[PDB]
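We begin with a single chain expressed as structure tokens, specifically the form deposited in one PDB entry.
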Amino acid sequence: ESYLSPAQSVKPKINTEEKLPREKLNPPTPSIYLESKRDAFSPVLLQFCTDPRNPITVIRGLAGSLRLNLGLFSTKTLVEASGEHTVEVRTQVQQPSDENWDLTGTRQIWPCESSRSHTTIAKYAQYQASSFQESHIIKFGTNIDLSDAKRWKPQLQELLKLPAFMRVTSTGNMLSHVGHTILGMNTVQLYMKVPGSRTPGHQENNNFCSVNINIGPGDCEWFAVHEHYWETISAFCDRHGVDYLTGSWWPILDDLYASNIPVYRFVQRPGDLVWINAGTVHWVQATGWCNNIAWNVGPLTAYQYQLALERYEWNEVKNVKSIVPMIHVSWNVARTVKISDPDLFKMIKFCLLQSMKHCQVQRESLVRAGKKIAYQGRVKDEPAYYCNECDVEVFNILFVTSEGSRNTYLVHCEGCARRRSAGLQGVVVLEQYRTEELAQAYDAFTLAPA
């Protein structure tokens, strides 16, 4: 029933039993300089950044290299262009990047206070500029959506200059094959910061790679740990009563060191692009006044695919929504992209065969019971569907119900639909791919020539 085959893993083998000397616990961060557009667009840079032994990479002065006008993301330019659209804020205690104090101010702790409120771009800008003039608690404007193509056209046009594997949208990007918007992953988000502004510890949604560019005049400090160590970090989180996947925590650095976990630490200056590889655990704090922009990409490597599917199934264990619908994505990739890496091919094809199976079984049981199944085929720009009750992805065979209005329907998985009416009375059952549609797509998906 798993969409993964353990025999196919490509994770690098790492000991952790081998005790590491001090210098291996503070490894250096790969720091690259690009002399030319030619160097930026080489497949060699793609290979370097996605290498599974390379959790995080900083590409120094990339902005200058490709003639990106980062001034289009200054607080001034952004205010001039903004509407009054509401944006979200986090309120936090201002403290040094390697500290997180308890309420007493006498010890370090893992949980990190970061509360939500709302403002506008223009009103956060006044706070940011007034902080800079000096005229302890701070506010961080976070996850500001630059998704409106018309309003943000000049900003977004500048990002088309990036290498393709870094771009928001690309045929080699798994997130460009969702067919719907996932704000902040396949659209750009903006981060407006004062010193002390923190993004606390996480892996990306569904372990996807991340791209982050520092605009504003100040620096950010980054901390990162290889995917290999995430279960140990997750256990400190349990120990200290804060949820790993959805909570707000800041590691105690000496805990990780005591645990034999190497920690990358480095500074991202204005114009530096940070590439976060698949599954890397990281946290970030502004040192000065700055803005950052970031989004996710899903490059076509077997390591990315594996880690996204593993986290998809772990989310399901933990009752957490995967905001990347990996089944839908997997079929779409197979339909439109040639795959020449044998490892990645094997995994996608295994996934599709489990999905084709699951569908066949449950179609069989519905016809056995006389349940009408109607075809509602896919149409351009249609989203992928999730169950209203348990938030699992629901691919192809949909269990829908009506009357809010009599013309809109909610989607459920089979399990949740049967809990609500074990005979499925009042449940309309749809299928978006005929059985032979899936059979033919699967047969059409063959390893391309390298």
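Start at 1 and count along the sequence shown; that's the residue number. By rigid core we mean the largest C-alpha set that fits within 1.5 Å across both forms.
Next on the checklist: Does the comparison with other entries of this protein show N407 left unmodelled in at least a third of them?
Outcome noted: Per the records, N407 is modelled in all the other entries.
Next on the checklist: Gap size between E403 and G404, counting deposited residues with no coordinates: none, 1 to 3, 4 to 9, or 10 or more?
Outcome noted: Going from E403 to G404, the model skips 1 to 3 residues of the deposited sequence.
Checklist entry - How much of the deposited sequence is absent from the coordinates between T106 and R107: none, 1 to 3, 4 to 9, or 10 or more residues? => result Gap size class: none, per the record.
Checklist entry - Which has the higher mean CA temperature factor in the PDB entry, 54-62 or 32-40? => result Higher mean C-alpha B-factor in the PDB entry: 32-40.
Checklist entry - Between 269-277 and 79-87, which has the larger average Cα B-factor in the PDB entry? => result Comparing averages over the C-alpha atoms only gives 79-87.
Checklist entry - Which of these, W101, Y229, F140, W314, has its C-alpha atom at the highest B-factor, as the entry lists it? => result Largest recorded C-alpha B-factor: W101.
Item to check | Residue of maximum C-alpha B factor among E134, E221, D243, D145, per deposited coordinates | outcome: Reading the PDB entry, the winner on C-alpha B-factor is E134.
Checklist entry - Looking at the C-alpha B-factor of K150, is it in the lowest, middle or highest third of its chain? => result Within its chain, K150 is a highest-third residue by C-alpha B-factor, going by the deposited values.
Next on the checklist: Which third, lowest, middle or highest, does the C-alpha temperature factor of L175 belong to within its own chain?
Outcome noted: Answer is lowest: the recorded C-alpha B-factor places it there.
Item to check | Where the record places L45 (Cα B-factor, split into thirds across the chain) | outcome: Answer is middle: the recorded C-alpha B-factor places it there.
Item to check | Third of chain Cα B-factors occupied by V392 | outcome: For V392, whose C-alpha B-factor we compare with every modelled residue in the chain, the answer is the lowest third.
Checklist entry - In terms of the CA temperature factor given in the entry, to which third of its chain does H358 belong: lowest, middle or highest? => result CA B-factor rank for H358: highest third.
Beyond the structure shown, there is the form deposited in another entry, which is absent from this document and is the topic of what follows.
Checklist entry - For the list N26, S31, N69, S421, which one shows a CA move of 2 Å or more between this form and the one not shown after the core is fit? => result Single hit from the list, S421.
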